[PDB]
>>> print(open('model.pdb').read())   # PDB, C-alpha atoms
ATOM      1  CA  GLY A   1      32.708 -24.497 219.190  1.00  0.00           C
ATOM      2  CA  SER A   2      29.499 -23.384 217.495  1.00  0.00           C
ATOM      3  CA  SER A   3      28.923 -19.908 216.059  1.00  0.00           C
ATOM      4  CA  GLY A   4      26.542 -19.061 218.886  1.00  0.00           C
ATOM      5  CA  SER A   5      22.991 -20.374 219.167  1.00  0.00           C
ATOM      6  CA  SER A   6      20.084 -21.015 216.799  1.00  0.00           C
ATOM      7  CA  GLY A   7      17.472 -19.018 218.686  1.00  0.00           C
ATOM      8  CA  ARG A   8      15.230 -21.747 220.074  1.00  0.00           C
ATOM      9  CA  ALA A   9      14.423 -25.380 219.284  1.00  0.00           C
ATOM     10  CA  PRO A  10      12.419 -28.314 220.705  1.00  0.00           C
ATOM     11  CA  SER A  11      13.832 -31.569 222.077  1.00  0.00           C
ATOM     12  CA  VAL A  12      15.009 -33.723 219.172  1.00  0.00           C
ATOM     13  CA  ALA A  13      15.643 -36.616 221.558  1.00  0.00           C
ATOM     14  CA  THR A  14      14.153 -37.870 224.824  1.00  0.00           C
ATOM     15  CA  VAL A  15      15.819 -38.975 228.061  1.00  0.00           C
ATOM     16  CA  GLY A  16      15.512 -42.638 228.984  1.00  0.00           C
ATOM     17  CA  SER A  17      13.340 -43.278 225.936  1.00  0.00           C
ATOM     18  CA  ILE A  18      14.951 -45.174 223.059  1.00  0.00           C
ATOM     19  CA  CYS A  19      16.438 -42.649 220.635  1.00  0.00           C
ATOM     20  CA  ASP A  20      16.201 -43.676 216.980  1.00  0.00           C
ATOM     21  CA  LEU A  21      18.322 -41.954 214.332  1.00  0.00           C
ATOM     22  CA  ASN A  22      16.639 -41.676 210.932  1.00  0.00           C
ATOM     23  CA  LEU A  23      19.446 -41.993 208.384  1.00  0.00           C
ATOM     24  CA  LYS A  24      18.972 -42.547 204.651  1.00  0.00           C
ATOM     25  CA  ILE A  25      22.218 -43.021 202.726  1.00  0.00           C
ATOM     26  CA  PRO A  26      21.986 -45.341 199.691  1.00  0.00           C
ATOM     27  CA  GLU A  27      25.583 -44.460 198.820  1.00  0.00           C
ATOM     28  CA  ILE A  28      26.588 -46.742 201.691  1.00  0.00           C
ATOM     29  CA  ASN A  29      25.582 -50.123 203.115  1.00  0.00           C
ATOM     30  CA  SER A  30      24.623 -50.966 206.698  1.00  0.00           C
ATOM     31  CA  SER A  31      27.225 -53.736 206.512  1.00  0.00           C
ATOM     32  CA  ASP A  32      29.985 -51.142 206.168  1.00  0.00           C
ATOM     33  CA  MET A  33      28.645 -48.510 208.565  1.00  0.00           C
ATOM     34  CA  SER A  34      29.632 -47.661 212.139  1.00  0.00           C
ATOM     35  CA  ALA A  35      28.009 -45.687 214.955  1.00  0.00           C
ATOM     36  CA  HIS A  36      29.068 -44.736 218.482  1.00  0.00           C
ATOM     37  CA  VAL A  37      27.267 -42.644 221.100  1.00  0.00           C
ATOM     38  CA  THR A  38      29.800 -40.346 222.763  1.00  0.00           C
ATOM     39  CA  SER A  39      28.965 -38.879 226.171  1.00  0.00           C
ATOM     40  CA  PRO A  40      29.892 -35.366 227.372  1.00  0.00           C
ATOM     41  CA  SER A  41      31.588 -37.014 230.351  1.00  0.00           C
ATOM     42  CA  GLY A  42      34.059 -38.952 228.226  1.00  0.00           C
ATOM     43  CA  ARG A  43      32.185 -42.219 227.750  1.00  0.00           C
ATOM     44  CA  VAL A  44      31.446 -43.559 224.266  1.00  0.00           C
ATOM     45  CA  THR A  45      29.638 -46.763 223.309  1.00  0.00           C
ATOM     46  CA  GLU A  46      28.726 -48.676 220.152  1.00  0.00           C
ATOM     47  CA  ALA A  47      25.282 -48.091 218.645  1.00  0.00           C
ATOM     48  CA  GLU A  48      23.195 -50.737 216.882  1.00  0.00           C
ATOM     49  CA  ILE A  49      21.980 -50.353 213.298  1.00  0.00           C
ATOM     50  CA  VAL A  50      18.584 -51.979 212.758  1.00  0.00           C
ATOM     51  CA  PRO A  51      17.305 -52.641 209.214  1.00  0.00           C
ATOM     52  CA  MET A  52      14.441 -50.185 208.738  1.00  0.00           C
ATOM     53  CA  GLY A  53      14.039 -50.799 205.017  1.00  0.00           C
ATOM     54  CA  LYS A  54      15.546 -49.122 201.963  1.00  0.00           C
ATOM     55  CA  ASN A  55      18.987 -47.707 202.757  1.00  0.00           C
ATOM     56  CA  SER A  56      17.438 -46.835 206.120  1.00  0.00           C
ATOM     57  CA  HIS A  57      19.484 -47.108 209.316  1.00  0.00           C
ATOM     58  CA  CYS A  58      17.959 -46.909 212.795  1.00  0.00           C
ATOM     59  CA  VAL A  59      20.502 -45.999 215.475  1.00  0.00           C
ATOM     60  CA  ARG A  60      18.878 -47.169 218.708  1.00  0.00           C
ATOM     61  CA  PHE A  61      20.499 -45.771 221.853  1.00  0.00           C
ATOM     62  CA  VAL A  62      19.559 -44.609 225.350  1.00  0.00           C
ATOM     63  CA  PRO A  63      20.608 -40.976 225.940  1.00  0.00           C
ATOM     64  CA  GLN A  64      21.010 -39.235 229.298  1.00  0.00           C
ATOM     65  CA  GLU A  65      19.151 -36.492 231.166  1.00  0.00           C
ATOM     66  CA  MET A  66      20.282 -32.948 230.368  1.00  0.00           C
ATOM     67  CA  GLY A  67      23.252 -34.484 228.576  1.00  0.00           C
ATOM     68  CA  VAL A  68      24.453 -33.608 225.084  1.00  0.00           C
ATOM     69  CA  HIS A  69      25.812 -36.625 223.208  1.00  0.00           C
ATOM     70  CA  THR A  70      27.517 -36.850 219.815  1.00  0.00           C
ATOM     71  CA  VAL A  71      26.882 -39.541 217.203  1.00  0.00           C
ATOM     72  CA  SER A  72      30.158 -40.543 215.552  1.00  0.00           C
ATOM     73  CA  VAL A  73      29.473 -42.174 212.185  1.00  0.00           C
ATOM     74  CA  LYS A  74      32.486 -43.061 210.041  1.00  0.00           C
ATOM     75  CA  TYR A  75      32.688 -44.886 206.711  1.00  0.00           C
ATOM     76  CA  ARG A  76      35.728 -46.702 205.323  1.00  0.00           C
ATOM     77  CA  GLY A  77      37.760 -44.565 207.706  1.00  0.00           C
ATOM     78  CA  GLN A  78      36.142 -41.263 206.761  1.00  0.00           C
ATOM     79  CA  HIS A  79      33.395 -39.368 208.586  1.00  0.00           C
ATOM     80  CA  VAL A  80      30.150 -39.213 206.605  1.00  0.00           C
ATOM     81  CA  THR A  81      28.560 -36.001 205.334  1.00  0.00           C
ATOM     82  CA  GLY A  82      27.187 -34.077 208.297  1.00  0.00           C
ATOM     83  CA  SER A  83      28.591 -36.390 210.960  1.00  0.00           C
ATOM     84  CA  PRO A  84      29.353 -36.307 213.663  1.00  0.00           C
ATOM     85  CA  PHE A  85      25.746 -35.552 214.606  1.00  0.00           C
ATOM     86  CA  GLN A  86      25.382 -33.710 217.913  1.00  0.00           C
ATOM     87  CA  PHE A  87      22.010 -33.607 219.670  1.00  0.00           C
ATOM     88  CA  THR A  88      20.832 -32.252 223.024  1.00  0.00           C
ATOM     89  CA  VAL A  89      18.589 -34.390 225.229  1.00  0.00           C
ATOM     90  CA  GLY A  90      15.671 -32.851 227.094  1.00  0.00           C
ATOM     91  CA  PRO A  91      13.021 -33.887 229.643  1.00  0.00           C
ATOM     92  CA  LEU A  92      11.464 -37.348 229.385  1.00  0.00           C
ATOM     93  CA  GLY A  93       8.055 -35.696 229.526  1.00  0.00           C
ATOM     94  CA  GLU A  94       5.182 -35.778 232.007  1.00  0.00           C
ATOM     95  CA  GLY A  95       3.355 -38.938 230.982  1.00  0.00           C
ATOM     96  CA  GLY A  96       0.124 -40.156 232.531  1.00  0.00           C
ATOM     97  CA  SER A  97      -3.254 -40.218 230.800  1.00  0.00           C
ATOM     98  CA  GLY A  98      -6.232 -42.544 231.119  1.00  0.00           C
ATOM     99  CA  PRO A  99      -9.861 -42.808 232.282  1.00  0.00           C
ATOM    100  CA  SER A 100     -11.058 -44.349 235.547  1.00  0.00           C
ATOM    101  CA  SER A 101     -11.825 -47.986 234.734  1.00  0.00           C
ATOM    102  CA  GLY A 102     -10.619 -49.982 237.723  1.00  0.00           C
TER     103      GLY A 102
END
>>> encode(input="model.pdb", output="structure tokens")
Amino acid sequence: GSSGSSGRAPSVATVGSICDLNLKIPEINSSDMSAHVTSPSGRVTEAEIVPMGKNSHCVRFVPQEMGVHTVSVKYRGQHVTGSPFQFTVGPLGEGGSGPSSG
């Protein structure tokens, strides 16, 4: 468990919307990396690592509403610095903006 709470903080991720994880670790290759989105219900899946550029990994995954998931990233059989990375999902957001054309 955590040591309490960090006051307040915005939504790092969005519900339904593709969640990309900005990771920059040149000490490792995307060909030897692994990611898995674990759900608070007991369901974990495999995330995809898209080539962003220089030692840049983009973990694309679809989170849930009001659900805190954990990103399990291991390397050569050893969790990477920081990982696992836990993040809380918030509201998708009230979208809808545009003039009256048609």
>>> atom_distance(input="model.pdb", atom1="CA of residue 75 (chain A)", atom2="CA of residue 26 (chain A)")
12.8 Å
>>> residues_near_point(input="model.pdb", point="(18.0, -39.0, 212.2)", cutoff="12 Å", atoms="all atoms listed in the file", output="PDB file with C-alpha atoms, in the coordinates of the input")
ATOM      1  CA  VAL A  12      15.009 -33.723 219.172  1.00  0.00           C
ATOM      2  CA  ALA A  13      15.643 -36.616 221.558  1.00  0.00           C
ATOM      3  CA  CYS A  19      16.438 -42.649 220.635  1.00  0.00           C
ATOM      4  CA  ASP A  20      16.201 -43.676 216.980  1.00  0.00           C
ATOM      5  CA  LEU A  21      18.322 -41.954 214.332  1.00  0.00           C
ATOM      6  CA  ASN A  22      16.639 -41.676 210.932  1.00  0.00           C
ATOM      7  CA  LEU A  23      19.446 -41.993 208.384  1.00  0.00           C
ATOM      8  CA  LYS A  24      18.972 -42.547 204.651  1.00  0.00           C
ATOM      9  CA  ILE A  25      22.218 -43.021 202.726  1.00  0.00           C
ATOM     10  CA  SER A  56      17.438 -46.835 206.120  1.00  0.00           C
ATOM     11  CA  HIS A  57      19.484 -47.108 209.316  1.00  0.00           C
ATOM     12  CA  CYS A  58      17.959 -46.909 212.795  1.00  0.00           C
ATOM     13  CA  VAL A  59      20.502 -45.999 215.475  1.00  0.00           C
ATOM     14  CA  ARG A  60      18.878 -47.169 218.708  1.00  0.00           C
ATOM     15  CA  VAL A  71      26.882 -39.541 217.203  1.00  0.00           C
ATOM     16  CA  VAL A  73      29.473 -42.174 212.185  1.00  0.00           C
ATOM     17  CA  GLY A  82      27.187 -34.077 208.297  1.00  0.00           C
ATOM     18  CA  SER A  83      28.591 -36.390 210.960  1.00  0.00           C
ATOM     19  CA  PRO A  84      29.353 -36.307 213.663  1.00  0.00           C
ATOM     20  CA  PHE A  85      25.746 -35.552 214.606  1.00  0.00           C
ATOM     21  CA  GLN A  86      25.382 -33.710 217.913  1.00  0.00           C
ATOM     22  CA  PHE A  87      22.010 -33.607 219.670  1.00  0.00           C
TER      23      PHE A  87
END
>>> resolve_selection(input="model.pdb", expression="the PyMOL selection byres ((chain A and resi 46) around 6)", output="JSON, numbers by chain")
{"A": [36, 45, 47]}
>>> atom_distance(input="model.pdb", atom1="CA of residue 65 (chain A)", atom2="CA of residue 14 (chain A)")
8.2 Å
>>> closest_residue(input="model.pdb", among="A:2, A:17, A:43, A:34", to="residue 62 (chain A)", atoms="all atoms listed in the file")
A:17
>>> resolve_selection(input="model.pdb", expression="the PyMOL selection byres ((chain A and resi 39) around 8)", output="list in words")
residues 37, 38, 40, 41, 42, 43, 44, 67, 68, 69 and 70 of chain A
>>> atom_distance(input="model.pdb", atom1="CA of residue 91 (chain A)", atom2="CA of residue 64 (chain A)")
9.6 Å
>>> closest_residue(input="model.pdb", among="A:96, A:35, A:8, A:16", to="residue 74 (chain A)", atoms="all atoms listed in the file")
A:35
>>> closest_residue(input="model.pdb", among="A:28, A:80, A:92, A:18", to="residue 61 (chain A)", atoms="all atoms listed in the file")
A:18
>>> closest_residue(input="model.pdb", among="A:11, A:31, A:72, A:55", to="residue 88 (chain A)", atoms="all atoms listed in the file")
A:11
